[PDB]
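So this first bit is one chain, no partners, the form deposited without this ligand, shown in structure tokens.
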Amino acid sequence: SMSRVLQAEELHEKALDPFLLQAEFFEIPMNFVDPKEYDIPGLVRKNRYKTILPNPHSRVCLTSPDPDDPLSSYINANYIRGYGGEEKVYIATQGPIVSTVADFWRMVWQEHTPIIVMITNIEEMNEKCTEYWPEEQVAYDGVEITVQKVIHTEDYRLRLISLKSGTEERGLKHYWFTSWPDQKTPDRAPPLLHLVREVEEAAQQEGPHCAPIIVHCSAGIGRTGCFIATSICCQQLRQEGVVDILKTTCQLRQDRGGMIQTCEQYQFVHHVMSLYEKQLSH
């Protein structure tokens, strides 16, 4: 809808102009949905935040266990377009609560999701996100989840997970990013960039027609939108030699209201992209 193409020199200077950044950010509509789109008894138990709801045109619908029941088919999640408008590249969702853990795994299974990206600090667990993976092994709703290995790196922990239901078995990579900064300054950008690059490479290893990548922290809009926006813009930078963070933010919000929730998040994405542009200039 809106658009501000940035070439390299404008990108680095823009990252350093908080006044222009807030002027631009606070012109972008949030595109939140009216809670009356979802007048469904008991729905509020499936939502972590009662006012942050999935926009109806792009929402994910669970067809298990009862497609004919709007409560059991509801999950707070939206399909997100990727670079170039590609459909269903990501799913942005809230961090599961106790009552929607099983719903989350049903979504993973139904969508064939190969990658989950979680952006929740250790100090924030079981407040901003229920721990929804086992130590070893659990089953929800006929899907056996088994954590086959844990790889601790500086910026994140990667869990290789097996999913079995009946005579089917699938792999899953769970990236748990633990380096989200309270201070969104440039010296905190690199970990997020490496996380983006690592996931791009993992996604490419899945081959053609990759299934949706799930991204969440808590509400599925703020940090989630930052991760997705950076991923989209890294591709745009490599392919077009420019970034359009404003357009990308608008695209995100068209898919899920509220993506990139604060001005400090928006400036952070500019810092990350400024960093990447420099790297790419060797």
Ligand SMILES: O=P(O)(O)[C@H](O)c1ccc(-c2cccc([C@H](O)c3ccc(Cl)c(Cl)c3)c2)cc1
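Rigid core (definition): largest C-alpha set, two forms, superposition within 1.5 Å. Numbering starts at 1 and runs along the sequence shown.
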| note | Superposing the other structures by the rigid core, the farther-displaced stretch by RMS over CA atoms in 7 other deposited structures of this protein, of 225-233 and 33-41, is 33-41
| Which stretch is less alike in 7 other deposited structures of this protein, 205-213 or 87-95, counting RMS CA distance after the rigid core is superposed? | 205-213
| Of the other PDB entries compared that resolve residues on either side of residue 127, does at least a third omit it? | yes
| note | Of 83-91 vs 155-163, the stretch with the larger average CA B-factor in the entry is 155-163
| said: Please compare 267-275 with 9-17 and say which has the higher mean C-alpha temperature factor in the record. | reply: 9-17
| task | Check the PDB entry and point out which of 27, 255, 66, 244 has the largest C-alpha temperature factor. | result | 66
| said: Highest Cα temperature factor in the entry, among the options 176, 74, 140, 109: which one is it? | reply: 140
| note | So, residue 248's CA B-factor, relative to its chain, sits in which third? The lowest
| query | Split the chain's modelled residues into thirds by Cα B-factor; is residue 78 in the lowest, middle or highest one? | reply | lowest
| Chain third (lowest, middle, highest) by recorded CA B-factor, residue given as residue 238 | middle
| task | Give the position of residue 60 by CA B-factor within its chain, expressed as the lowest, middle or highest third. | result | middle
| note | Of the three thirds of the chain ranked by Cα temperature factor, residue 206 occupies the middle
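As for the form deposited with this ligand bound, it is not shown, yet the points below apply to it.
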| query | Which residue, 165, 130, 178, 72, has a heavy atom that falls within 4.5 Å of this ligand in the deposited bound form? | reply | 178
| request: Would you mind picking the one in 194, 170, 188, 159 that has a heavy atom within 4.5 Å of this ligand in the deposited bound form? | output: 188
| note | Within 4.5 Å of this ligand in the deposited bound form, heavy atom basis, the matching stretch of 104-112, 137-145, 91-99, 178-186 is 178-186
| Is every one of 121, 124 and 223 within 4.5 Å of this ligand in the deposited bound form, counting heavy atoms? | yes
